[PDB]
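*Asks:* Kindly return the folded structure for what I paste below:
(one chain, ligands or ions: 1)
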Amino acid sequence: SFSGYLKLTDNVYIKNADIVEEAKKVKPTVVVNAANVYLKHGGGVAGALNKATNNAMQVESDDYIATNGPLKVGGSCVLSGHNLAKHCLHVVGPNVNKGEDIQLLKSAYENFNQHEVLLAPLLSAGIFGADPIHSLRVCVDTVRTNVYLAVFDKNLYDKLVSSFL
Ligand SMILES: NCC(=O)Nc1nccs1
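*Replies:* Numbering: from 1, shown residues only. Below is the structure in question.
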């Protein structure tokens, strides 16, 4: 199972790790993708997860969008986890760099509550522009299921742990 995680709360765990390498080692039931409404996995966590699937995640995502249309900001969809997980939960956190409502971050984390255990990144962090310290706070105050957070950046991981209330 998951190893080397620091326990933050009853159900939230954190590790300085690349989520792609973490998914390949663990092969969790659910890996969370930091998705956009179009499921266009170009950069950040999405680009890295998609590249690990040899673009199979993007091909599957384009078929999903052709059938269903775009997701809502704060929404999610369950697709295949390919070689990374049983399932991928594509969750859309607000992109602050696109002027999206930061209050949607709580709605985005609520999607995690439909899964008993997940491997996930901090929503809206990185190229999505939100404060990762705020994202971790919303995560621990919203998610009740078991979430294993992978933070790629060592310096950010240290800052998150040392500032955790
Ligand atoms: N290029 C790899 C990468 O970005 N991995 C990440 N793991 C967690 C968040 S970002």
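*Asks:* which bits of this structure sit near the ligand?
*Replies:* 18, 19, 20, 45, 48, 121, 150, 152 (CB under 6 Å from any ligand atom). All C-beta atoms are positioned from the backbone trio N, CA, C, and that covers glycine.
*Asks:* May I have the residues that are in contact with the nearest residue to the first one once chain neighbours are set aside?
*Replies:* When the adjacent residues along the chain are set aside, residue 18 lies closest to residue 152, with 5.4 Å between them (CB to CB, 6 or more residues apart in numbering). The contact partners of residue 152, taken as CB atoms under 8 Å, 6 or more residues apart in numbering, are 16, 17, 18, 19, 121.
*Asks:* so which of those residues is the most crowded?
*Replies:* residue 121 (27 neighbours; other CB atoms under 10 Å).
*Asks:* Hmm, it is touching residue 18, no?
*Replies:* No - Residue 121 is not in contact with residue 18 according to CB atoms under 8 Å; the separation is 10.2 Å.
*Asks:* tell me, what's touching these two both at once?
*Replies:* Shared contacts of residue 121 and residue 18, defined by CB under 8 Å, 6+ apart, are found at 150, 152.
*Asks:* tell me the phi and psi of the residue nearest to residue 80 when sequence neighbours are not counted?
*Replies:* Excluding the flanking residues, the one nearest residue 80 by CB to CB, 6+ apart is residue 60, at 6.0 Å. Main-chain dihedrals, residue 60, degrees, to the nearest 10: phi -60, psi -40.
*Asks:* Wait, residue 60 touches residue 78, no?
*Replies:* No - with contact defined as CB under 8 Å, residue 60 does not count as touching residue 78 (11.4 Å).
*Asks:* Give me the more crowded residue out of those two.
*Replies:* Taking neighbours as other CB under 10 Å, residue 60 and residue 78 compare with residue 60 leading, 16 against 13.
*Asks:* distance of the more buried one from residue 89?
*Replies:* 14 Å (CB to CB, to the nearest Å).
*Asks:* Fine by me, we can end here.
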